[PDB]
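Chain A is the first sequence line, chain B the second, and so forth, proteins listed ahead of strands; every chain is numbered from 1. Atom set for the values below is all heavy atoms of this structure, side chains included, hydrogens, waters and symmetry mates excluded. Read the numbers this way: they start at 1 and go in the same order the structure lists the ligands and their atoms.
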Amino acid sequence: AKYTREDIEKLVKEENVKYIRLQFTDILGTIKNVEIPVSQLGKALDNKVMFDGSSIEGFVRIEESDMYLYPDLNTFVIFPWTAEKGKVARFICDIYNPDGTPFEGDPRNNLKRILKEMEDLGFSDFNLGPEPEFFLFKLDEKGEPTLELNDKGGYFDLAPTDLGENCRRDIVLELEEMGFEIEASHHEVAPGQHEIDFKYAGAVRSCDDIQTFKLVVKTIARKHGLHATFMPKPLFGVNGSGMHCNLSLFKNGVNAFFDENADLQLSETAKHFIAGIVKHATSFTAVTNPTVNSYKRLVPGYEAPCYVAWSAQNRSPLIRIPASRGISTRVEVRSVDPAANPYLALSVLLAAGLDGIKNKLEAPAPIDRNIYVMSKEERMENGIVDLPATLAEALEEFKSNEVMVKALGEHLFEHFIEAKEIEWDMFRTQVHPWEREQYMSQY
Amino acid sequence: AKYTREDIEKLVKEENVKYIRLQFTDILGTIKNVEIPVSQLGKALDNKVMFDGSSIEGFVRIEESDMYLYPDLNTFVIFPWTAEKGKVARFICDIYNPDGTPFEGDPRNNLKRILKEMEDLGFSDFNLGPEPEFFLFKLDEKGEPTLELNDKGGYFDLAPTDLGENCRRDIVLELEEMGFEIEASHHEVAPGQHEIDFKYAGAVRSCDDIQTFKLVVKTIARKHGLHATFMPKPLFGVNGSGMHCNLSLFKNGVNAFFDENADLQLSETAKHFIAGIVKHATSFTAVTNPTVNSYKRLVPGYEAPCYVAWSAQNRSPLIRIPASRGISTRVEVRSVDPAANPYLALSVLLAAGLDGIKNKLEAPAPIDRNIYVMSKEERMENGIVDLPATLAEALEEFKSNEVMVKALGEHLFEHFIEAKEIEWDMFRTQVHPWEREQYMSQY
Amino acid sequence: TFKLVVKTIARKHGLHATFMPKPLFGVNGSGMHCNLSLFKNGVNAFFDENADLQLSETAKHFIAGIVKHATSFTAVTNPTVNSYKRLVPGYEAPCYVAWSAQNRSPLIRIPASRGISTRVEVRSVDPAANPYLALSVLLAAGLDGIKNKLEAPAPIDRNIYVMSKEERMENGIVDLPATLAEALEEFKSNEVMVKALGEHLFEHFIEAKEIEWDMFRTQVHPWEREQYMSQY
Amino acid sequence: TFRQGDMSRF
Amino acid sequence: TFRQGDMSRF
Amino acid sequence: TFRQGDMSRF
Amino acid sequence: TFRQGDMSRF
Ligand SMILES: NC(=O)CC[C@H](N)C(=O)O
Ligand SMILES: NC(=O)CC[C@H](N)C(=O)O
Ligand SMILES: NC(=O)CC[C@H](N)C(=O)O
Ligand SMILES: [Mg+2]
Ligand SMILES: [Mg+2]
Ligand SMILES: [Mg+2]
Ligand SMILES: [Mg+2]
Ligand SMILES: [Mg+2]
């Protein structure tokens with residue numbers, strides 16, 4: 001462990017905190033919280049604070065339900081932005097039923113359940129290394145986002161330079177000051193697009209860090225008079241934003257994906273994991289790409305994946321295996337976008353990987369010949385299949401897959417499906433300005 | 001016949017016409033023409049004027065091809081808007097190959113071919129009564145359409161009243177002075193929406209009248225400082241625009257749909273026609289609803305059809321049979337929208353009806369119990385199926401239908417499919433402002 | 001004191017704080033859900049570990065008393081004209097007289113926590129109500145239920161909103177008053193609620209609320225002009 | 001739903 | 001209807 | 001490429 | 001096509 005109850009009490013004592021946020025994550029991935037005064041810290045640490053657990057369901061909630069707010073001590077973080085009379089600290093909390101049973105509708109609890117299932121298979125750790133990409137948009141006088149990018153930078157360019165600005169540098173340093181472990185940062189392909197990479201860590205810790213990273217990036221961008229968005233494709237004709245997930249499975253403290261006497265230096269467990277991810281790739285796309293805009297990124301020509309295949313060196317593969325081996329052997333899933341719920345996406349990815357391992361599925365041959373030139377029919381006879389083109393198609397594929405349904409349980413499944421169906425129905429009946437530009441004068 | 005060559009020459013002689021438009025219709029339904037001086041009238045009437053026949057293909061044309069421009073004498077019309085030094089007259093012309101064979105890529109020639117096939121079945125005439133409806137939008141200072149409607153009228157309301165304005169009245173009167181046979185007119189359900197009904201006539205004449213009606217309505221609305229659009233759904237949450245098609249089949253000069261001694265006073269031929277329309281309804285939707293915006297109208301709650309069923313009195317049936325019987329016995333197809341190509345839509349409707357008649361298909365039971373009451377699964381067990389929800393789905397349905405393919409021939413089929421696939425691909429990759437309003441700040 | 005302090009602090013931040021039951025149409029209203037717990041000899045009298053739902057007979061009598069007089073004290077718990085624009089379906093505000101442990105907008109809700117924290121929540125109250133008068137009428141109704149040992153109706157856990165008003169009137173589900181005048185009429189006829197505030201308070205409250213309703217009903221709102229000035 | 005265009009006046 | 005405040009975000 | 005003038009309308 | 005994000009600078 002990192003913190004105990006006495007450490008938390010002493011720390012809030014000297015730092016003089018007055019406001020504590022007991023934050024959690026709902027279905028849609030937005031950060032929710034209930035706030036208590038520091039005088040209620042003892043009640044909070046006793047797992048006694050109650051709240052309306054239906055808020056996890058989002059806008060599809062119906063009936064009020066009382067649940068407990070069991071906090072995690074290791075997630076204690078002091079926010080650097082002092083709130084006038086006193087500081088603000090946060091806890092990331094699990095959701096529990098009034099009888100002490102963990103709530104089945106909590107994405108974090110679902111991820112913990114999937115990790116328990118993984119431990120039942122003999123493995124010890126599931127490490128994740130995220131590569132979240134985001135755009136920076138200038139704000140106007142009224143303080144609302146515009147469509148102007150902060151810089152005309154390029155891939156790995158030294159575009160922001162010195163002499164002020166460089167919001168990426170400030171974000172990286174500030175995150176370092178809060179205890180984050182940042183690996184590297186660079187300017188992304190699209191103008192005004194940036195990427196910050198964290199060191200790999202445990203799945204729960206990685207998802208918590210992803211949520212905190214989104215919050216901190218938005219806040220710091222608001223400091224600099226900028227708007228930071230993790231929207232998959234804010235602009236047409238420009239590279240989208242991905243959240244490539246580097247997954248590594250550990251057994252007895254050693255990497256289970258590495259085998260020095262096997263071809264590609266890959267163990268049989270790694271091949272089974274890749275086969276499991278390939279089999280269910282079209283099914284968990286609804287969870288890893290949960291928005292309507294997510295599928296405008298999944299178009300050819302912008303390095304985003306569009307077909308179910310794995311490779312070591314290819315143009316926009318679904319699964320990429322980095323050259324590094326040994327302890328750093330990992331499988332990268334590039335379909336995930338930053339808009340996805342980290343807990344749900346990790347749950348479905350781990351469930352697919354374990355399904356591949358449990359059934360000893362055979363991985364297909366790697367693709368190293370640029371399938372893009374081949375026609376859709378010219379590659380359908382192979383193992384290459386297309387990812388869903390719309391959110392509705394991905395929802396249809398996700399409903400049919402039995403394994404992916406148990407990956408998040410019946411409560412999460414029904415509520416996610418209802419919310420996404422409402423979201424798609426709202427989008428499909430709208431009349432966009434493009435239609436008026438194309439048809440109002442022509443017809 | 002209505003006009004001869006001598007009559008045309010004499011009419012142009014006294015009316016002093018100097019410009020002649022040899023107009024025709026392409027794949028997309030927009031009116032095209034090649035213009036000649038009056039000195040070339042003799043060459044035009046000799047079927048000797050050449051032009052680039054690839055212009056029929058629209059924006060997917062690849063190669064120039066010489067074609068002839070055989071005009072139709074009965075379509076001669078003198079435009080009321082004088083072109084300063086001389087008047088303007090028009091002919092609607094057929095497209096012919098240089099060897100004298102009619103061009104297979106001409107929608108009008110395709111409709112004539114389908115009518116010849118109908119005559120091969122023993123029938124004489126195929127009458128169409130259209131109900132085109134349109135919106136009137138005010139123009140701004142720069143003379144471009146806005147989103148403000150001309151009036152806040154209602155269904156059959158006396159909204160425009162007297163004291164000027166009343167663009168519908170002026171359009172009706174002007175069309176009457178041009179030789180049109182207007183049946184009745186009224187204000188439509190949506191504000192700023194109007195409908196004008198023609199008397200039923202032959203299929204070719206009806207389609208020609210539809211094109212001329214669109215041209216005249218646009219011109220007259222432009223005169224009144226208004227924008228007239230036949231867009232299927234210009235606005236969200238407001239009634240759409242249809243082109244309900246009243247079809248009646250005649251045999252030996254009498255209505256073949258009428259039978260006084262049968263139930264509903266409907267002949268067996270009428271039931272076979274209804275069965276044919278029902279069977280192929282999901283297949284010709286791509287032709288009758290050829291735009292992306294067409295499927296935003298096909299949504300529940302606005303009296304537009306959404307399911308394949310026929311009835312005598314129901315809320316938004318696909319096929320409606322008016323109460324009038326005898327000579328006026330007809331079947332109304334309400335899925336068609338004004339954006340559809342009249343020739344292609346009539347061709348596919350007639351082909352489906354003849355397929356029903358030729359194979360003596362059995363019509364399903366009429367529905368009179370409000371299909372909207374039950375769920376989609378609660379009605380799928382019956383014969384009620386859903387219309388395609390997007391242009392891509394309708395394109396997929398249309399490609400698989402063997403009968404509907406020959407309804408317009410190989411040339412028209414390939415070019416229409418290519419153009420519509422390009423249109424859908426352009427739409428699906430766009431990032432609409434709705435997506436930014438929904439996700440730019442949320443994520 | 002909370003209302004005063006909130007208004008003052010919001011004024012400091014350049015903001016306006018209002019406890020209006022429903023300041024805007026089509027948007028969720030503002031409630032003042034009241035969690036009531038009765039104690040006897042320093043212990044919670046609503047808790048009974050050996051009974052169903054872990055609820056004592058005193059709690060059931062209290063619930064029955066609140067249910068019986070619910071349509072009568074609505075005039076006190078919802079004393080404004082705007083209060084009844086909140087009491088409309090679809091915004092989690094109660095609209096019918098029923099009690100439940102888990103339902104969409106019940107009049108009386110019993111939280112899951114038990115033992116010392118056993119309580120009954122009345123969700124009809126809005127922040128515009130007078131706290132002393134609302135507490136007085138709620139306590140009087142609860143004591144009336146306890147004193148006469150009234151039998152509580154069966155809890156509703158099937159979403160009363162599903163069926164029609166005629167499809168729920170045959171049960172024990174009755175509708176709350178739709179307007180302030182209707183609530184005043186219901187409140188006047190309830191004898192027990194009359195003593196809940198005494199004759200002086202009763203007469204003055206009735207006079208003030210009748211004047212309030214009369215002023216509202218004779219006004220011509222802009223909605224009427226938007227609906228009828230051009231149509232007729 | 002089932003009726004939106006007709007009641008659009010309200 | 002039956003859900004308007006929660007779904008008002010759309 | 002190979003078709004830019006005709007497809008310029010999009 | 002097949003390369004639009006990288007070549008967008010031109
Ligand atoms: N060069 C990169 O790796 C960027 C990836 C790309 N932005 C995506 O959305 O996947
Ligand atoms: N009430 C009517 O006939 C109007 C029909 C409706 N506008 C449609 O699009 O079909
Ligand atoms: N979610 C809630 O508890 C809000 C209650 C609601 N605002 C009311 O007026 O009762
Ligand atoms: Mg990157
Ligand atoms: Mg990567
Ligand atoms: Mg009409
Ligand atoms: Mg009609
Ligand atoms: Mg409450």
Between B:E131 and B:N246, is the side chain to side chain donor-acceptor pair (under 3.5 Å) condition met? List the steps. CA-CA 8 Å; B:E131 314 179 348; B:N246 296 281; 3.1 Å; yes
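When the Mg ion (ligand 7) is compared with the N/O/S atoms of B:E131, atom OE1 turns out nearest. B:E188 has its closest N, O or S atom to the Mg ion (ligand 6) at the position named OE1. No other N/O/S atom of B:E195 lies as close to the Mg ion (ligand 6) as OE1 does.
By the 6.0 Å and 45° rule, C:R119 does not stack over the aromatic ring of C:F46.
No more than 12 heavy-atom neighbours from other residues, nucleotides or ligands sit within 6.0 angstrom of CZ on B:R205. For NZ of B:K152, the number of neighbouring non-hydrogen atoms (other residues, nucleotides, ligands) closer than 6.0 Å is 12 at most.
One of the N, O or S atoms belonging to C:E121 lies under 2.8 Å away from the Mg ion (ligand 8).
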